[PDB]
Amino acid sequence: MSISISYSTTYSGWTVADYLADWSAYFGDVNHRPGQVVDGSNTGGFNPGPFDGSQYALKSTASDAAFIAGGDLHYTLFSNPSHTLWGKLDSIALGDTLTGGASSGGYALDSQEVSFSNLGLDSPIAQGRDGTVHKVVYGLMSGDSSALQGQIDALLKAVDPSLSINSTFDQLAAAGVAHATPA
């Protein structure tokens, strides 16, 4: 199946690129780096975790922005290649108001704005921190969504070369890729 996109009607006239650049500016950089992961405030979490699961979720420490990555995901922690996320990334949901976690049966994003599904990404452990899945998710943690933008640009061009991250959500809905959701 081709990339599927949802978007709240209030973003109908935005391009994908402008939405993601703006979301990244609100989320900011959670500072997930050596000496700066000292407690659970900026780790995020897996369901079921602690290091693997079908969801990885993180809330911003600068805003209420949050995302959930869905698929079949694995984090190496200290194991070579250290601090690598690899595996199957099917979906990214972005917005605000993260709730839940492993103990309550799953994460939910109560103010989801936009989602991207059927991403078809599957990165092997061998690529380490240069894997596409790793770069996509670490970009969302660190205030730079350029890796996600590039993957969406390629998936959209695969549907039709007239579609891109510079398409508005409106235009993607007319093309049958995107679907407006209630605001």
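Throughout, rigid core stands for the largest set of C-alpha atoms superposing within 1.5 Å between the two forms. Start at 1 and count along the sequence shown; that's the residue number.
- Relative to the displayed structure, the C-alphas of 103-111 lie farther away on average in 6 other deposited structures of this protein than those of the other candidate, with 86-94 and 103-111 compared after rigid core superposition.
- Rigid core superposition in 6 other deposited structures of this protein puts the Cα atoms of one stretch, out of 42-50 and 131-139, farther from the shown form on average, and that stretch is 42-50.
- Averaged over their C-alpha atoms, the temperature factors of 82-90 and 95-103 are higher for 95-103.
- Stretch comparison (154-162 versus 138-146) by mean CA B-factor in the PDB entry places 154-162 on top.
- Ranked by Cα temperature factor within the chain, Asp72 sits in the middle third according to the deposited record.
- Among all modelled residues in this chain, the alpha-carbon of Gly131 has a temperature factor (C-alpha) in the middle third.
- Among the modelled residues of the chain, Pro34 sits in the highest third by CA temperature factor in this PDB entry.
- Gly40: CA B factor lies in the middle third for its chain, per the PDB record.
- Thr15 sits in the middle third of its chain by CA B factor, as recorded in the PDB entry.
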